[PDB]
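Letters are used for the chains, namely A, B, C, D and E, taken in the order the chains are written, and counting of residues starts over at 1 for each.
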Amino acid sequence: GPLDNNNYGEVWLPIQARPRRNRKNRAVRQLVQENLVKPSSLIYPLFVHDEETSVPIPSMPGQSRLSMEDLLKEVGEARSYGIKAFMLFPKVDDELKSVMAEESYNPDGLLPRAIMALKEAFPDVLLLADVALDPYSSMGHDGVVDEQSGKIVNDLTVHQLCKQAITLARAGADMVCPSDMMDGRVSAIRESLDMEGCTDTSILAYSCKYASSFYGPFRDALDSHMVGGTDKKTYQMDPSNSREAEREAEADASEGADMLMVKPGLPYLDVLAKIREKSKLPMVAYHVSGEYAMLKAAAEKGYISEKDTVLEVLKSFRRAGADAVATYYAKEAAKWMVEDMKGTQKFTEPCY
Amino acid sequence: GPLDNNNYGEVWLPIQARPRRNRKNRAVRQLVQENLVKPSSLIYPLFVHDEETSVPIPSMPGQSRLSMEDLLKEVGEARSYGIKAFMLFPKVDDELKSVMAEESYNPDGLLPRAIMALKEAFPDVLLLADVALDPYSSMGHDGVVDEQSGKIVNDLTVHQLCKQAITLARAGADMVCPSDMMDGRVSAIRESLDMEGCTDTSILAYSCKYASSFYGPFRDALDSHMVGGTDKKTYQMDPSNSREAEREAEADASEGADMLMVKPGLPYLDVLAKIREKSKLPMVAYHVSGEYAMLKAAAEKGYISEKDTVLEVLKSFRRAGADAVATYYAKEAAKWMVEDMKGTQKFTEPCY
Amino acid sequence: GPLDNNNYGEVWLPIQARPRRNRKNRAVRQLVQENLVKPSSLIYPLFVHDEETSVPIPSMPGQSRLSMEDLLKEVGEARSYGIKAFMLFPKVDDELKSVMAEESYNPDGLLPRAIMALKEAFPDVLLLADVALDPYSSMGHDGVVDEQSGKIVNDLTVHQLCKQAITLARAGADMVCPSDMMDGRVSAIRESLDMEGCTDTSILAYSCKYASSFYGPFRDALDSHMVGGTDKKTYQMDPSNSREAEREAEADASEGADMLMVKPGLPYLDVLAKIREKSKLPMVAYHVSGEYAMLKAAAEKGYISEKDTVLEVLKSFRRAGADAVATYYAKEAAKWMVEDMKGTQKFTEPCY
Amino acid sequence: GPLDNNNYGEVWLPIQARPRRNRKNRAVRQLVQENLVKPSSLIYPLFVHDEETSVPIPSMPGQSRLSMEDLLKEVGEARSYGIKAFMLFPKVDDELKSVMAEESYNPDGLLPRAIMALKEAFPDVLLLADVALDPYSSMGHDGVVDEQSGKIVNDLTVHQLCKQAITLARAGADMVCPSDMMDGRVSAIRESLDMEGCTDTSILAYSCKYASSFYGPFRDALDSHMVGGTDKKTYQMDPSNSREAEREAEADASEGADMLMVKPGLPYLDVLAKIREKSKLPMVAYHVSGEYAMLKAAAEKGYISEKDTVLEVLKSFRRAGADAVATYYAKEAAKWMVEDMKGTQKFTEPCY
Amino acid sequence: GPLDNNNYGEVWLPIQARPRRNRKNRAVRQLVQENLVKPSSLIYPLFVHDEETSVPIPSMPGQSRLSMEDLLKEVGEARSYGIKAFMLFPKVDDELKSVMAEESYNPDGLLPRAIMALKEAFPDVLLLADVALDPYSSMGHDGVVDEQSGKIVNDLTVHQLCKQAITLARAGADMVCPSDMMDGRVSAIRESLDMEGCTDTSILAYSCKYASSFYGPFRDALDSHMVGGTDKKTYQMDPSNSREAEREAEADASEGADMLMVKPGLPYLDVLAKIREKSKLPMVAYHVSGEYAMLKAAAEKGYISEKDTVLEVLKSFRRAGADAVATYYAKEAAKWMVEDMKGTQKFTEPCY
């Protein structure tokens, strides 16, 4: 057979290469560790509403629709842990929503005020605002829906997204994040931004955004579910498709985007890796609302250890090729990191 | 002409892609930072001699030939800042050197004793021991020199390198590092280790090791300069060649090496990168004694800032593809990182 | 065990391939040597000021702020050893610097006069003039600094660099070398040049120029250190990044550059090799002032041998993929080569 | 149409890229020159015979069947110009030729005595000896011919080639060069050498040797033409095939060869470049007798300029991926280079 | 040892793959033959002058400056062997040559007259006409020379080339072949031809044409040698360079070229293969005059067999990746195949 004995009579498989040697102990694993997670690689998305008091999002346990005041307190808490990049979503008062979504470019709207207020209080902090009409749409769609046809009209939607993007830019958004999946919108937004003097303002293109069923809880957060049994499969991508992602990614880099987003997250790590291999831009992954609920719900019932699994997920995103990760665990992960770094350092060390 | 004007009359260059946007401020740079340095990715190389007192190495300013107790002191200090991996080189009494280099496999010799001593005191230290005859050679060559011909005899050298390797493994070296550039030694050493039951002991292969003039100060530290005008050009690689390195790398992986080393360092970052692309093994680079002497010399004269350049150098090794770097600055770099992290955290943060 | 005996009973490792055979002696090493350095692949960078007398640069020993007369002497000595290409930097009087850096396009300024003077004295000399405002900027930045934000404003800076490039081209510069890292400057300069009839004038694009700490001695030479504790990280590249280098290189190619420069040098050989692999343009590398200081520092203390290490360094740039290398050792290298060829030919031979 | 006018009414074609800028003058062309020729990359192939006087080979104008003493004079002359590698072929007395070709391994044969005489007169000289039976074959074929079938029997031939290689090695041949194109002979020869203690002796594998009509003049030189209107198409390669060359080249590399030869030369540059791209071994090309004759014929008639064309030829081999070139012009090329380098330096410069 | 014995005791090397098995006999070699040559892949370049009698070109033996009469007899004889493509070059009366080369665009010039009369005589013939100024230049340059600088001025030259191509296209040329190596001229000629309604006329772009010393005899044929010791190195490519070739090929593809030409031939087969590999356009190689002269010279002197060598060369061109080959042996080669086909069929067979 294949087994021999060694000089001392012990069983010996004479294989030369032994991969387990590089797993021998922590010091060796650390020497060869290929990927690292840090707090300033995490994006923390928050929800603000135009009310006096915060309200839990029951389907996103531990996250809330924050008042302006609790928004400031939350950003400040996250910075104390080394989070620097924040994503802002508004739960718009229902009376303001419409088919055309004109509230999206109202300079006195909730979102611009919040950006203005976070910036006054934390001038060095980094603000990403979503560009898309669904939070402002009475139909629950990211673009304008045609009365007669029911189609999400591409080009008319882009005209609007441009107006929103400039408003957010002017309020102080560092980065606008078109999550709308309309054809051609990166270039259009880019040109408008630039004509207005906002050449500094970045675009995080949602390039490869799938028509997922993992967005449930975010739509609760925003009360932004689609009306009347309609879906977004005429604009968000078919999860059956990878090749198509290259089509979209190539188009967004050449239209001027600063970073590409892949969304959702863990169930699309293959797409993340594929675009990362081909793109020369930074990549961002979005650990979406549904993915967060899955973790919390299993953690709440004791099925998994919350801390170990969240840290494993973030390392995975990072291994799969994400330069940054938008995650509702952003604050909690940084906190765990800073507490270990201050305690016994069971799993952390410094980096630069 | 190529300049236009924007909506407010200001000068406007109508380019879409603006890479500067991803450099806008520290928060964004961190979001998109592709490579990180951590202390546990640094290997600290140290010199021990058999004297009661430590002696400086004038051409490696700040480094010494260490007495056994100062070696323990120095490993302790580096550990406290998070260095986990230590390379050990013996400065051997000139009485014990010879043609065949017998002292190399003496189990009562200095290096085995040092290994055991450090293992008693710091059990979870990773100890890397050099395998090569030049510290023990009366000719100052890494292999056995023929009397009549002057050739470094490959296969007789490899016999000897097996004898040394086993000795160090038994002493407690976690990893042996053949620095000899004889042909076929990785496979031969591996098999001898395994036959003796040392299947756990790792080989860090000096695969792409060049006939460099950046090693002089190390040779000062060991008093190991080549006898009688000769050189190592018959075994170490011509710096003119890159294609040859792929030949060495491929052979060492199939011979069962656990990690591959490229040395010297900065002046070979292209070979490091080439082999990183091709290899599936972890890569190590060596920032050699000559390279250390250059930074140090210019720092003492005031020409460069020591901290900034050293930290840039280490980020470079890591960008180029080093999973780990051997550098005489390892202790000092970890010390800076740990101090910043305890202070203002001007340039570090936690990772995992 | 693996060791066998040959037919004469001598120790034999039965490996077939043996890379050491192609290292046997100088003659075989020469047959298989993949890279060669020649003087006409070196670019010699010099500093000129408007004073009667030359003044040494203490942090770049051997190099001086040259008077116009001594500039001509120095170019002449370098020509005689085979250097054909010379890069010129002006130390400008503090009184002519300003925020808009308008002295940069003054056709009676020091640099244009230096170019005209060198052209009258050696009509076939190859001159490469830097494009960038920092030698003329009272802020020590490569672009115009906005009063209110402190941002280095991109497009207005490009307009200035276009004027600068035209002035230098008109003065007789063979190549303009924009080292500014503004977005889009290559194409803008190209079109400006072409509209003025200077379609012959080349552009050496600094594509991958890093926010390095090795530029210090250069900034002593020009007295052009950044004001107020500011840095250049909003435009020079993060050393942590390689993928970004490809974004920059591909864009300068398609904007019409004739050559691509990676800078700094030895610590960026990985970026140099990667861009070499992907570009169809000639590559240039810059062995920068800080790198020069390190070598000198070490050589002066006797830690290394100056000649050996300089000659290996130059071979390394070349193996890594540099068609040309800009280096303050250019004259000295050529001299060594010419002395060896005129003498005993210990290391040189003819090529074509 | 496509033409516009610049700022001064001059015709202007607004193309951004102008490759001609990199051709502007000699200095620019030298900056970007991809390939260089040097004498120590040339192999000079020579003919010796066992007679008192030398005799021209009329179909190779300017080369001769050298007497032993003239062989020495010629090697000496070629060394003084920097040639280091010499290929040696015996024109064997016809009374010693045979079917078994046993004179190929006579240790008192002309080739072995030629090697010993050269190795005694020029100890640092590099000698390459052909391994093949055709110089000793009374039928003029590279291997043993079967009486009944007329097939060249492969393995029997390899057995004889091993005998021949050992003889040449023992006589002092630095490289043996099997030119036979039997299958498997690289591995057989390697192993036969190693067993005899000749692990130093190199193998220059003729991997891609084509059944060419360009060997005529060489066959005149050795009087080694095939009998009975036969050919070598059952062993040498069909010139119609390129894929096949990869199969050949892979086998020889894994059989242990030190370098790979493609032959003939210029009409197989495509093959040379292909194996250069896919091989990690040093490449050699053979500028064969027939190609030499074509250059000499045309120069003698005044149709071409000998010197210009030969020099362009060696540059082409070298651009196509040859590390070394076997050429009957080797001495004359070195001489032109040395004369230029000592004289006007119109086309040469020093390298290392 | 390496050899063993088969079941009858015969010497046997136990190698599994044997490449000679696919060379066993003509039937097998034919089965696996990767490349074929046919007459309709050959282009026959001819010379016409405006005299009553044809005149031998002594440096291209067997080729002549043909009278119009004799030009029609030669195309007929070649069409009778299967050649369908002809290249036409005019020797111009020295009285009509200018600095501006206006005769190039004369619709009553020799060349337009050759074209029209060949189309009248054979409508099914494919005529390729050169586009370049050198047959018409009093300086012997492919472009207009500035009296003041001596530079071949690119854009003004392209203006002229467009006029010539329009002229030759109206005359009936199926294909114009810009051999001039000015930058951008393929695009410019294409748009010009198009605006005149010559959308059907093809452009074979001399993409990678090198500054070669193999053009001598063609320049004899036309009496077109460069005046006053000048060269074409500021537009034709440096033979030292291959990467540059990719850059020219990419540009000409993207400017609308139908086919791409590499020139010269055999000594550039590496460039031919690389371009073949990257390009999606048909490739043409030019076996230039100097190459022809070398074959003829050696053949006349009896050093090589003309027929075997020529046929081998053409097969090589095709293996290297030539879809078509311009060669002065086109008629002679086609005649050899036809004769073998109509005869005893030693080396040809039918194809489609």
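One rule holds in what follows: contacts are C-beta pairs under 8 Å (C-beta built on N, C-alpha and C of every residue); 3 or more make two chains touch, one makes a residue touch a chain.
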Option in B-D, C-D or A-C whose residue-number contact pairs overlap A-B by over half: C-D
Result of counting contacting C-beta pairs for C-D and C-E, higher pair: C-D
Whole-Å gap between the CA centroids of chain A and chain E: 59
Distance between the centres, which are taken as Cα means, of chain C and chain B, whole angstrom: 29
Chain C and chain D: spacing of chain centres that average the CA atoms, whole Å: 39
Chain A, residues touching no fewer than two other chains: 199-200
Listing of all chain pairs that touch each other, if any do: A-B, A-C, B-C, B-D, C-D, C-E, D-E
Complex interface listing, chain C residues touching chain E: 199-200, 280-281
Residues on chain A engaged by chain B in the complex (per definition of touch): 6-8, 10, 12, 14, 16-18, 21-22, 24-28, 30-34, 36-41, 43, 82, 84-85, 124-126, 174, 187, 190-191, 194-197, 199-200, 202, 253, 255-256, 258-259, 282, 311, 315, 323-324, 337-338, 340-341, 347-352
Chain D contact footprint on chain B (complex, rising order): 151, 154-155, 243-244, 246-247, 250
Chain E residues within the chain D interface of the complex: 1-3, 10-13, 15, 17-20, 22-26, 29, 32-36, 59-60, 154-156, 158-159, 181-184, 187-188, 191-192, 195, 212-214, 216-217, 233-244, 247-248, 251, 266-270, 272-274, 290, 293-295, 297-298, 300-305, 308-309, 312-313, 315-316, 319-321
